[PDB]
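Peer 1: I'd like to ask some things about the structure below.
Every number here is computed from the coordinates shown, using simple stated rules; none is lab data. Methodologically, a virtual Cβ is constructed for each residue, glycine included, from the backbone with ideal geometry; neighbour enumeration extends over all protein chains shown.
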Amino acid sequence: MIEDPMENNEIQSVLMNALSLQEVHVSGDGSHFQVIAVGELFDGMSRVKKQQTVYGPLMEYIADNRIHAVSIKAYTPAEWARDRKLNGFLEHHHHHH
C-alpha cells in the first residue's frame with residue numbers, strides 16, 4: 001500500500017545529515033536543483049556562514065555532484081516563496097560591474 005518513485009532523497013539525506021532545521025525543499029528544473037532547508041534555526045545566519053557551515057558537511061558529496069548543480073540554502077518557509085518571488089530565484093544574474 002505504498003508506491004511512488006521520486007529521487008532527491010540523496011540530497012535530502014545529505015541535507016539533513018549536513019544540517020537539518022525542520023523541512024526540506026529539493027526544487028529544480030532538470031539539471032540544476034535548489035535544495036532549500038526549511039526550519040528556523042538558520043533564520044538569521046549569514047548566507048555565507050550558512051552556505052558555508054552547510055557546505056562544510058555536504059562539501060564532498062557536492063564536490064562530486066559537481067557533475068550537476070545541486071544548490072543548497074537554509075531558509076524559512078516563507079523565505080522560499082519570497083526568494084522565488086525575488087530576483088535571485090526568478091531573475092538571478094542582474095546588474096554586473
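Peer 1: In the list 91, 79, which residue meets the criterion of being of a type outside the set (A, V, I, L, M), out of contact with any helix residue (DSSP H, G or I) (no Cβ under 9 Å at 6 or more places or on another chain), outside any loop (DSSP other than H, G, I, E, B) and within 18 Å of residue 36 (Cβ to Cβ)?
Peer 2: 79
Peer 1: Separate question: When residues of region 77-97 are filtered for being surrounded by 12 or more Cβ atoms within 10 Å (Cβ to Cβ) and polar (S, T, N, Q), how many remain?
Peer 2: Qualifying residue count for the region: 0.
Peer 1: Sticking with this structure for a sec: Assess whether residue 48 counts as being free of Cβ contacts under 8 Å to residues at least 24 places away in the same chain and β-branched (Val, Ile, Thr). Spell out the reasoning first.
Peer 2: On the way: free of Cβ contacts under 8 Å to residues at least 24 places away in the same chain: yes; β-branched (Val, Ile, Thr): yes.
Criteria met by residue 48.
Peer 1: If a residue has to be small (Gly, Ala, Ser) and surrounded by 12 or more Cβ atoms within 10 Å (Cβ to Cβ) to count, how many in region 30-64 make the cut? Working first, answer last.
Peer 2: Restricting attention to region 30-64, the residues satisfying the condition of being small (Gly, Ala, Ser) are 30-31, 37, 39, 44, 46, 56, 63.
If we keep only those that are surrounded by 12 or more Cβ atoms within 10 Å (Cβ to Cβ) as well, we get 37, 39.
The qualifying residues number 2.
Peer 1: Right, here's the next one. Restricting region 1-56 to residues that are assigned to a strand (DSSP E or B), touching a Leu at 6+ places or on another chain (Cβ under 7 Å) and of a type in the set (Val, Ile, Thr), which is farthest from residue 67 (Cα to Cα)? Let's see the steps before the verdict.
Peer 2: Step one: filter region 1-56 for residues assigned to a strand (DSSP E or B), giving 23-28, 32-38.
Of the ones still in play, those that are also touching a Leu at 6+ places or on another chain (Cβ under 7 Å) are 24, 35, 37-38.
Restricting the remaining residues to those that are of a type in the set (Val, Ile, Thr) gives 24, 35, 38.
Values: 24: 22, 35: 16, 38: 25 Å.
Here the answer is 38.
Peer 1: Within region 55-63, is even one residue among the aromatic types (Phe, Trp, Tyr), under 16 Å from residue 12 (Cα atoms) and touching a helix residue (DSSP H, G or I) at 6+ places or on another chain (Cβ under 6 Å)?
Peer 2: Within region 55-63, the first condition is being among the aromatic types (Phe, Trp, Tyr), and the residues that meet it are 55, 61.
Of the ones still in play, those that are also under 16 Å from residue 12 (Cα atoms) are 55, 61.
From the residues that got through so far, the ones that are touching a helix residue (DSSP H, G or I) at 6+ places or on another chain (Cβ under 6 Å) too are 61.
Looking for residues that are among the aromatic types (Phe, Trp, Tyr), under 16 Å from residue 12 (Cα atoms) and touching a helix residue (DSSP H, G or I) at 6+ places or on another chain (Cβ under 6 Å), one finds at least one in region 55-63, hence yes.
Peer 1: Considering only residues that are farther than 17 Å from residue 26 by Cα and in contact (Cβ under 8 Å) with a residue 24 or more places away in the chain, which ones fall in region 51-78?
Peer 2: Across region 51-78, the qualifying residues are 53, 56, 57.
Peer 1: Right, something else. Residues of region 65-76 being of a type outside the set (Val, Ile, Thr), surrounded by 11 or more Cβ atoms within 10 Å (Cβ to Cβ) and assigned to a loop (DSSP other than H, G, I, E, B), which ones? So that I can check it myself, show each step before the final result.
Peer 2: Step one: filter region 65-76 for residues of a type outside the set (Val, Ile, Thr), giving 65-66, 68-69, 71, 73-75.
The next check asks that each one be surrounded by 11 or more Cβ atoms within 10 Å (Cβ to Cβ); those that pass are 65, 68-69, 71, 73-75.
68, 75 - these are the residues of region 65-76 that are of a type outside the set (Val, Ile, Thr), surrounded by 11 or more Cβ atoms within 10 Å (Cβ to Cβ) and assigned to a loop (DSSP other than H, G, I, E, B).
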